[PDB]
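Starting off, we have a lone chain in the form deposited in one PDB entry, written out as structure tokens.
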């Protein structure tokens, strides 16, 4: 009654069902995942093949979709495995294996094209003229929310310059200890932007976590051109909200649900494991600010690359050798 099918809750997988729906509706990722040459892989341990089955089943099955063979493929069959990892770690586990499988084939370099961005982090001396530039990549950004009112205020805190004065002077080597300024600047933003909000904190005093249920606002449209170093016209960093991963509860109780507008048209649905239901745009955006139910991860897509990232995926996009192998497997289950 929604056009989309859900995922089974086969124990305690937490954020995994929410993450699989996010990656499955990254249509450029989905079509590229179908392209992987996996005819000769082992179904017991091949997670690229395992991800294809889940994607094919999410596209065709009328019944809730199973993930048992997928969890077994990357070694997280223990029910504690998902509680002992963050949502970004799981995504890196999936993306690393599909990108390594894409090496040497026609869909090589997909993962860097969608999710990779370029970041610089510097240290600039105040007295002497020494600067240590450091260029590195990212596939996801961790934002601080405690004290910060909205996504605007978390991005300014991410780039804010830190003063390395006092007994915290920077070791400039030959220049000796020097007062300095450390900071981070963004060079490029990826077409599909993964943003994890730090809604949880372990203090060492008491041996337990603590959830930030403070109110944190995020927009449907996020212009990030201000935070880009060397902004270019004709391609602003204007992003559109696609997914909002939601955790409700406290330090002990917790449920992981995701809201998504599939086609990018602002028509939202709630994906509660096996129950998919239409929902208002306010329930997916403004009801998840907090102040308890609130969001912990956000997925944005560049408006310029919006059309090709969310391109329609038809049955012809799935290779027939893959198709015949999955429909093979389906016949042996029965």
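Positions refer to the first chain, counted from 1. In this text, rigid core is short for the largest set of C-alphas that superpose within 1.5 Å between two forms.
Core superposition of the other structures onto this form places the C-alphas of 209-217 farther off in 9 other deposited structures of this protein than those of the other stretch among 209-217 and 147-155. After superposing on the rigid core, the larger RMS C-alpha deviation in 9 other deposited structures of this protein belongs to 71-79, the other candidate being whichever of 234-242 and 71-79 remains. Missing-residue comparison: residue 203 falls in the unmodelled set for a third or more of the other PDB entries checked. Missing coordinates between residue 291 and residue 292 amount to 4 to 9 residues of the deposited sequence. Judged by mean Cα B factor in the deposited record, 30-38 ranks above the other of 30-38 and 293-301. Look at the C-alpha B-factors of 213-221 and of 123-131. On average they run higher in 123-131. When the C-alpha B-factors of 99, 89, 181, 77 are read from the PDB record, the largest value belongs to 181. Of all the options 163, 81, 261, 248, the entry's greatest CA B-factor is assigned to 163. In this PDB entry, the Cα temperature factor of residue 93 sits in the bottom third of its chain's modelled residues, the lowest group. Among the modelled residues of the chain, residue 45 sits in the highest third by CA temperature factor in this PDB entry. When the modelled residues of the chain are ordered by C-alpha B-factor, residue 9 sits in the lowest third. For residue 206, the recorded CA temperature factor ranks within the highest third of the chain's modelled residues. Placement of the Cα temperature factor of residue 314 within the chain: highest third of the modelled residues, per the deposited record.
Keep in mind the form solved in complex with a small molecule is missing from the figure; the text below concerns it.
The closest heavy atom approach of residue 91 to the small molecule in the entry with it bound falls within 4.5 Å. A residue is said to contact a partner when one of its heavy atoms sits within 4.5 Å of a partner heavy atom; residue 242 fails this definition for the small molecule in the entry with it bound, lying far away.
Under a 4.5 angstroms non-hydrogen atom cutoff, the small molecule in the entry with it bound has residue 139 among its neighbouring residues. In the entry with it bound, the small molecule stays beyond 4.5 Å of every heavy atom belonging to residue 178.
Comment: the small molecule is not present in this chain, but in the entry with it bound one of 232, 203, 96, 157 has a heavy atom within 4.5 Å of it, namely 96. Segments offered: 120-128, 222-230, 189-197, 68-76. Contacting the small molecule in the entry with it bound at heavy atom distances within 4.5 Å is 189-197.
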